[PDB]
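Below is one structure; the comments refer to it alone.
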Number of protein chains: 4
Amino acid sequence: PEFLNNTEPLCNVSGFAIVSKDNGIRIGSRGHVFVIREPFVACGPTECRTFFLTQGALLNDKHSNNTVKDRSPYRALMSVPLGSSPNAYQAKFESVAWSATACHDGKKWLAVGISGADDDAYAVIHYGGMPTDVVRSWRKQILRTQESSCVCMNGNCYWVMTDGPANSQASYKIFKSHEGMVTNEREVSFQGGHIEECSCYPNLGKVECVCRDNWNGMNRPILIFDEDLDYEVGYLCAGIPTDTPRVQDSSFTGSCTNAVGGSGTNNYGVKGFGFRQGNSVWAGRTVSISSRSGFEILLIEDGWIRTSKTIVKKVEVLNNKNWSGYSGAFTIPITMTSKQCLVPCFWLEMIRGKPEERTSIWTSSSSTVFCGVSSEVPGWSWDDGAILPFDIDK
Amino acid sequence: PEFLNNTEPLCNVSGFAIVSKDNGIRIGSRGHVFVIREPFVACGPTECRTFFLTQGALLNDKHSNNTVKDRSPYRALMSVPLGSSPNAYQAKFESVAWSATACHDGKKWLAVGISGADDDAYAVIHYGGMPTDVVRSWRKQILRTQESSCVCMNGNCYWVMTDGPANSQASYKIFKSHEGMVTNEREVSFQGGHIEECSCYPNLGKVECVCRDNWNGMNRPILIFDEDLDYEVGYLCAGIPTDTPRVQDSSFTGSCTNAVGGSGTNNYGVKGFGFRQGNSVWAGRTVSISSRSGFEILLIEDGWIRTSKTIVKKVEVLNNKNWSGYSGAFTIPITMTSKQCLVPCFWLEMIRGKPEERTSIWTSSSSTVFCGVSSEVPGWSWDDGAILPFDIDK
Amino acid sequence: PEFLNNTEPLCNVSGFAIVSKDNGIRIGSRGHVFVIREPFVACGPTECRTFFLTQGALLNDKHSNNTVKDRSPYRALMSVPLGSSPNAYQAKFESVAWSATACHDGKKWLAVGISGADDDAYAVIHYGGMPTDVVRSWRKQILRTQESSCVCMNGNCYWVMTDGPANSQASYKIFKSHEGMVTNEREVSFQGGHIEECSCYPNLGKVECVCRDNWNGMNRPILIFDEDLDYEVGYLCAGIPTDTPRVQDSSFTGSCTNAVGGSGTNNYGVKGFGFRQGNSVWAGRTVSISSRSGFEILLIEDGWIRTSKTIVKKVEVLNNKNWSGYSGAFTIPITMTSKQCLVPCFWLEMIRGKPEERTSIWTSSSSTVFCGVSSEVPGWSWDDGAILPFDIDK
Amino acid sequence: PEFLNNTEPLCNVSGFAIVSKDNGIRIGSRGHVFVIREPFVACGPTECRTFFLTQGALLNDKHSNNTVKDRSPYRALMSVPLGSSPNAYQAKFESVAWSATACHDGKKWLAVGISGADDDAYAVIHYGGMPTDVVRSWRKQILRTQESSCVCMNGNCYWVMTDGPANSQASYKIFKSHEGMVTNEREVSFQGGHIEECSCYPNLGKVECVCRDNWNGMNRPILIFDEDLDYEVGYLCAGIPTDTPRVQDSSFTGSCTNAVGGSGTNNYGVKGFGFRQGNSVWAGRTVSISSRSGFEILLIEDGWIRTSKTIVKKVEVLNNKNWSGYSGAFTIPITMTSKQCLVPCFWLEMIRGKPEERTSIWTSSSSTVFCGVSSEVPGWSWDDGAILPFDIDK
Ligand SMILES: CO[C@@H]([C@@H]1OC(C(=O)O)=C[C@H](NC(=N)N)[C@H]1NC(C)=O)[C@H](O)CO
Ligand SMILES: CO[C@@H]([C@@H]1OC(C(=O)O)=C[C@H](NC(=N)N)[C@H]1NC(C)=O)[C@H](O)CO
Ligand SMILES: CO[C@@H]([C@@H]1OC(C(=O)O)=C[C@H](NC(=N)N)[C@H]1NC(C)=O)[C@H](O)CO
Ligand SMILES: CO[C@@H]([C@@H]1OC(C(=O)O)=C[C@H](NC(=N)N)[C@H]1NC(C)=O)[C@H](O)CO
Ligand SMILES: *[C@@H]1O[C@H](CO)[C@@H](O)[C@H](O)[C@H]1NC(C)=O
Ligand SMILES: *[C@@H]1O[C@H](CO)[C@@H](O)[C@H](O)[C@H]1NC(C)=O
Ligand SMILES: *[C@@H]1O[C@H](CO)[C@@H](O)[C@H](O)[C@H]1NC(C)=O
Ligand SMILES: *[C@@H]1O[C@H](CO)[C@@H](O)[C@H](O)[C@H]1NC(C)=O
Ligand SMILES: *[C@@H]1O[C@H](CO)[C@@H](O)[C@H](O)[C@H]1NC(C)=O
Ligand SMILES: *[C@@H]1O[C@H](CO)[C@@H](O)[C@H](O)[C@H]1NC(C)=O
Ligand SMILES: *[C@@H]1O[C@H](CO)[C@@H](O)[C@H](O)[C@H]1NC(C)=O
Ligand SMILES: *[C@@H]1O[C@H](CO)[C@@H](O)[C@H](O)[C@H]1NC(C)=O
Ligand SMILES: [Ca+2]
Ligand SMILES: [Ca+2]
Ligand SMILES: [Ca+2]
Ligand SMILES: [Ca+2]
């Protein structure tokens, strides 16, 4: 086993093809499937896996009550092979966690899981299934991380964490690790900005992240850093807002540097992603400007470098009559593709239950996964598909 | 790992011995088993696997309602070891799919799964579990494929697809791939003919296919092609019709070149198979001429080359009091047999529920699998065996 | 991988220690566990597995109705790791089968499974999971085999089959195979004798079998053969009868050559085992002389060579207040023990339901497994432990 | 594969970070999870596993009735990957057992399981899944062992067993084994002392054990021995009692040599652990002095060598409003950590049901696991989390 380089350029893609759909909630109507949320995908040299935060309880069981709640001692990071339901018998335990990130360095799996009290949480770093290091909360205010794949290059793995208020200035840090040990860290200066739940991917030896601003921005923060943790921080330049909530495109003016908000969009957001394509960008967003429903991906001409409103391509993978949720980025390594570039992929979380579906006592999600290809691909609507309410709700 | 040659001659066999029976629906009365249809078997260097199209739902669950329906965003191609039920905890996710084919090239599994809207579907090609390529619908009319094993020879894998009307002239294409990338394609000129759901196998370096004509033929199309995708197309010469519906043998006159139909047999069919045996042929068919019930296999003397009605051997593996369905061909590679020829095998789908059993809200199937041997083997009736209706039907 | 020699002498043992108990029926009260019977154990170079004949149905499900029945198209030979319940998600499919034997030659698993009609059954031989050969019924009267491990030595695997009446003179054959192909066979001349369900093991390069006489003998047939299939046949000499039904010891006089019966013991029996120990023998038997209840193993001084009634050791592993059933022999290869002799082990089937427990609609069994050790070991009573009737019975 | 040295010094640690939580009882409300107790963790070269004693029955099933009972023929030692629920489909069978220990020598798993009658029990030693040796009861009074990981160094594995009265002078023995064969044993002279359920770990080539005195001591016995089975025996010197029941710290005076008890603490106890840290000690204990509730770990300055009451650090991992139970020690080998010292870890059993929760008919437990790290780590309360009573209790 050797470390994955992962220093190749990101592939330029013209479309996204569906790779998997787990149908976990449909299956969990009768099968034994964890209540989850915050799923994500990460790939190693030979396989991709779906990670997720369980609620330490199964669908259609009484312990699924009140699972809209974000943090508890019962939540765990676990994984299954890509496409499998997050079920009770295939799930691989990764970490105790109510917030997490994971990735593969070419030799072993790295998993970072945060648990503990809101005012004194800590991340446990697991490497090859063994606990190796810890990161303590430095602001004592809900230490939290990506809820998507971290990035490994040349044997070093990188991720972003936040600590501090949800709706005002917080603290943002980049971490570097080798074989599960933290070897470097850097605080990101971002006055007036807010960074959470970064979706990051490798691109020509740098880590590029598209994040969530839960404060004053309906545009998404962009964070780019190198192996030294030297960084650039700002916002996705595009004159098309991609957070939720947001306003209609025509009411929005882009900015490369400033959080753009107001108009009832402040103080919330949703995890999302984008992929740089030279000077352009593929960016995902919910179809609804106000709720987590529908999902589409847009190719915005020069959207990485200027306040462009030029949409070159748009593909819908979930119509606005169906519930979405988080989305995130990952890449497929050269060892699986034999290519000279890294294939950009994204996953989509489809949340069922509370708060949108009040007649259910629970909250869970299922996923779809899509990967970039060199040609245009039609969209469709691959919805969660579960019929609610469930037995336990009656 | 090396590519499988698969250029050996097909074995001549005198009988078919039962290899497996999954009893999936019986088990699914209580166990957690997917609702499926369109099962098939494919073999790699070291194991054979049963593939199937799920309905993204389990037996005896409410989500099994209306599963007679052919296409949805919830259907997936998955696999289990040969003989296992298609259950929720062993199933390996292969592709999103409401139509599919899969095979092993000696190094990795190839899976081709079609999803999307009827008027803009696309196949995603998965190789070693990674998405590698896409094939878009070229006629925008339910792009569809074999529902059985594709064929790999010398590192290249081949399959047949159709796009166009179900009951009139459509378009038929052969595809060639290497490591999951389409490297060649050829449209098959077949005016007045109709090709669907080809059952294909290697024979002395060529691919031989026996298909379904859903238009004017109660006889089965034969398609034979080489590595260049140069092809011969026509019908199984035998003066014994093997599609369903069909007429009694004595009311049928064979043709090597023309669809032979009429007499209330037009506009439907069922997936089936045949194996060339020199100039003769082993061909499967339902026992009923009008419904998918019973199953028998016939050795027809010179049936590959002339309109022979001479039945040399006949073996029944399912009596006409029990439901059948699709059947398909595969081969066992030399790496498992140590032989100098490729062993012909077939599987049989046994459909339960709608439309024949109206008191059930669902449709699924189970399977039996048989392989050719050098001696005569007695038949029997290995029926699905489930007792309907199920709990969910009441 | 190399073929196992298995030509070492059988170990002399002074006691039997419990190795596993699967508790399958207890577990199956709620878990998803096959209805089975005729379990047995066989060992490969690196693991031992429990094989069993399913009824193609799960415990506590309606399809378990009438599972007292011996033969159906739904029965399959499957296996799990030693000690596991025969459950729906770990079970490995081996063969379609209502009668079977299996063993490992050092390179691959051999499984022989008989299915088909009573008057035209056939065994399918599976090697490394691939069908390799067939054995047809030669008397057309319920072709049947050991229901325990076959024996492999130097790359050749051997087993015994019977065809003919259950309660009068039948036909008995020994088979030799290499890589799943039958390479030799020999009919055993045994006029007035009856052989079924042989429990066989290797001992100094010969195969020694202890069988069931279902005709005129309450003593057990002994069959010993070499690689040429040259054989000796007779009865266990001991003046202690070990079949069930039988009479009390004091009413029995042994014979090395003749079936000894009468006194209401004719026309039935139970699968059992014995291990030669020089001139002595370890022999198992039910505690009850009339029913399949309790289980004990006896060391009979010189019991292999003369009509001895001298019981040197007796160990009970199941008291007579609990149901037993079949028992059978296997050995542990040198590759697992590092010893110079083959360790004798036995398994015990504990049948629940019909016919002894009439208030249940089903019949299944669970198992315990014991291996010989160089010292005396106390007995106990490790009963099935399930509480009947089950939910499905009400 | 080579034998693990395991002769390194134990790491000095300043805190304990949570590594896993299985949530087994929560999951078992709907999933198929064994009723268990006496869980423990042991690590091999490449993975850690959770071992447990099942009751041969599943949660929420009628066979869970009366599982407060300690010993039966249905109990088995099984294992799952660290963090998994002890479920019906992942559980690996290890030994028949109502008392057990297990560990990995670098090449294979060793498992020691005791079953049989109270007055004639015996341990079966399993090595690489094969039975290798037996240890008989020498006092004929509930032969019993650690209920936690044994210790392997340089290819030899060591464990402690007890035989004799629960509440008066018993007999205590140390065992040494190589490849599953007992190669040495030594009786420990400890007049007036009582040793049960030792928690042992390697430290600089010696085995250090912290045990339970079920007779006259509310302080814990310490047993230290070398490869010759030469030993030192006494009590944890600290002037802080760590058994349960016990008295408040201020009412206790330590002793290195004598059982300190009385004040209603005699004749009971609970399995616990401690780790030497030079002259100091990390010791676990329930928060309650009288019941198995809460759990905390204390660093006591010089507590290994003198009657110190100086508590340097205290971390609570379970508050006193929640049920605890047994706790035990294990280490992570250098092959997983790349360190020069052995990482000390502990697990915590959280018992639900009888006797504390009388409205449940059953008793089971779940676990949390923590490993030592080089920095201080905050505590929290990671409770079992199941909501009782369960369905089966109503
Ligand atoms: C507190 O809410 C944060 C998180 O947001 C939400 C949500 O669906 O929007 C899900 C998470 N749930 C979990 N990851 N478990 C959160 N993050 C946490 C740590 O609660 C937010 O980003 C503001 O800080
Ligand atoms: C539309 O019907 C087609 C297919 O036929 C049927 C059937 O049981 O006969 C099952 C399929 N179900 C699936 N493979 N899911 C079909 N094929 C599709 C793509 O629907 C037919 O061959 C005509 O074009
Ligand atoms: C027909 O009865 C035979 C078998 O005996 C019985 C029984 O519990 O005694 C179980 C078997 N069940 C299965 N192996 N399935 C039988 N053997 C068969 C082939 O039915 C007997 O040995 C006489 O020929
Ligand atoms: C008899 O009680 C002993 C054991 O203690 C208890 C308990 O929760 O305290 C659990 C065990 N349960 C099991 N390991 N199954 C016991 N040990 C046994 C062998 O019963 C005790 O240590 C006195 O000898
Ligand atoms: C969920 O919690 C609410 C509030 O306690 C309760 O009223 C309801 O009955 C619970 N549902 C279940 C299934 O326990
Ligand atoms: C992607 O496109 C950009 C803009 O044309 C170009 O600079 C870059 O080389 C491309 N990357 C790859 C991997 O083709
Ligand atoms: C199946 O669908 C039909 C039509 O909506 C409905 O009447 C019936 O109740 C459904 N059955 C179940 C179990 O949901
Ligand atoms: C099969 O039979 C045909 C016709 O006799 C013959 O040409 C061919 O060689 C045979 N194939 C094999 C593999 O034996
Ligand atoms: C079992 O079969 C008998 C006879 O047909 C029937 O009376 C009984 O109801 C069946 N039990 C179940 C659970 O189907
Ligand atoms: C078993 O005992 C017999 C009788 O003493 C003896 O001939 C034989 O050598 C022994 N076998 C072994 C393997 O010790
Ligand atoms: C548990 O055992 C008691 C005593 O026999 C009995 O009263 C109770 O009904 C049992 N509960 C169950 C679920 O069997
Ligand atoms: C642990 O600390 C003790 C006391 O200072 C010291 O003697 C020992 O060397 C330390 N062990 C390690 C592995 O650092
Ligand atoms: Ca926002
Ligand atoms: Ca037709
Ligand atoms: Ca008899
Ligand atoms: Ca005590």
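Hydrogens, waters and symmetry mates are skipped; everything else that's a heavy atom, side chains included, is used. Note on naming: letters A, B, ... go to the chains in the order of the sequence lines (proteins, then strands), and numbering restarts at 1 for each one.
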### Message
Is the distance between the ring centroids of D/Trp109 and D/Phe51 under 6.0 Å?
### Response
yes

### Task
Flag the pair D/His178 / D/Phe3 as yes when their ring centroid distance falls below 6.0 Å, and as no otherwise.
yes

### Query
If you measure SG to SG, does D/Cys152 sit under 2.5 Å from D/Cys157?
yes

### Query
Counting distance only, does the side-chain N/O of C/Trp380 pair as donor-acceptor with the main-chain N or O of C/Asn319 below 3.5 Å?
no

### Query
Among D/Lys271, D/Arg212, D/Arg220, which residue meets the salt bridge (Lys or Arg N to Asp or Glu O under 4.0 Å) test with D/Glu196?
D/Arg212

#### Entry: Check: D/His126 side chain, D/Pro131 main-chain N or O, donor-acceptor pair, under 3.5 Å
no

### Message
Pair D/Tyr268, D/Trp215 - check ring-ring contact (aromatic ring centres under 6.0 Å, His included), show working.
### Response
CA-CA 7 Å; D/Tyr268 205 49; D/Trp215 184 13; over 10 Å; no

### Message
Closer than 3.5 angstrom, by distance alone: can the side chain of C/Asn23 be matched with the main-chain N or O of D/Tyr74 as a donor-acceptor pair?
### Response
yes

### Query
Can the positive tip of C/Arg285 be found less than 6.0 Å from the middle of the six-membered ring of C/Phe295, inside 45° of the ring normal?
no

### Message
Taking less than 2.5 Å as the test, are the sulfur gamma atoms of D/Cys48 and D/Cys43 close enough?
### Response
yes

### Task
Compare the SG-SG distance of C/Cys371 and C/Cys345 against 2.5 Å and report whether it is shorter.
yes

### Message
One thing to verify: whether D/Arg139 and D/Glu187 come together as a salt bridge, which I'm taking to mean a side-chain N less than 4.0 angstrom from a carboxylate O.
### Response
yes

### Message
For C/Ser293 and C/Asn320, which I'm curious about, is there any donor-acceptor pair between the side chains at under 3.5 Å?
### Response
yes

### Task
Return yes if some donor-acceptor pair links the side-chain N/O of D/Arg246 with the main-chain N/O of D/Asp243 below 3.5 Å, else return no.
yes

### Query
Donor-acceptor pair, D/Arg75 side chain versus D/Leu53 backbone, under 3.5 Å?
yes

### Task
Establish, yes or no, whether the cationic atom of D/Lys354 lies under 6.0 Å from the six-membered ring centre of D/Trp362 and within 45° of the ring axis.
no

### Task
Examine the side chains of D/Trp138 and D/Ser171 and answer whether a donor and an acceptor come within less than 3.5 Å of each other.
yes

### Of D/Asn219, D/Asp213, D/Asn258, D/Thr257, the residue whose pairing with D/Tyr235 passes side-chain hydrogen bond (donor to acceptor under 3.5 Å, both in side chains)
D/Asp213

#### Entry: SB check D/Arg136 D/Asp120 (cutoff 4.0 Å)
yes

### Query
For D/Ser79 and D/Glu94, does a side-chain donor sit closer than 3.5 Å to a side-chain acceptor?
yes

### Message
I'd like to know if the side chain of D/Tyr326 reaches the main chain of D/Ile351, judged simply by a donor and an acceptor atom lying under 3.5 Å from each other, with no hydrogens or angles considered.
### Response
no

### Which atom of D/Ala123 lies closest to which atom of D/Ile114, heavy atoms considered
CB-CG1, 3.7 Å

### Summary
Nearest heavy-atom contact between D/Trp159 and D/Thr145 is CD1-OG1, 3.7 Å

## Note on the structure
Exactly one candidate in C/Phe16, C/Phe275, C/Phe273, C/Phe346 meets ring pair (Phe, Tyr, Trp, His ring centres under 6.0 Å) with C/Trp282; the answer is C/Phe16

### Query
Between the side chains of D/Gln141 and D/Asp163, is a donor N or O closer than 3.5 angstrom to an acceptor N or O?
no

### Query
So, are D/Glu185 and D/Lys176 salt-bridged, with charged N and O less than 4.0 Å apart?
no

### Message
When you compare the side chain of D/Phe40 with that of D/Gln146, does any pair of heavy atoms fall below 4.5 Å?
### Response
no

### Query
Under 4.0 Å between a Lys/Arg side-chain N and an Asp/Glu carboxylate O for C/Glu296 and C/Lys313?
no

### Check: D/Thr101 side chain, D/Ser148 main-chain N or O, donor-acceptor pair, under 3.5 Å
yes

### Message
Determine whether a donor-acceptor pair (N or O, by modelled atom type, separation under 3.5 Å) exists between the side chain of C/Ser324 and the backbone of C/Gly294.
### Response
yes

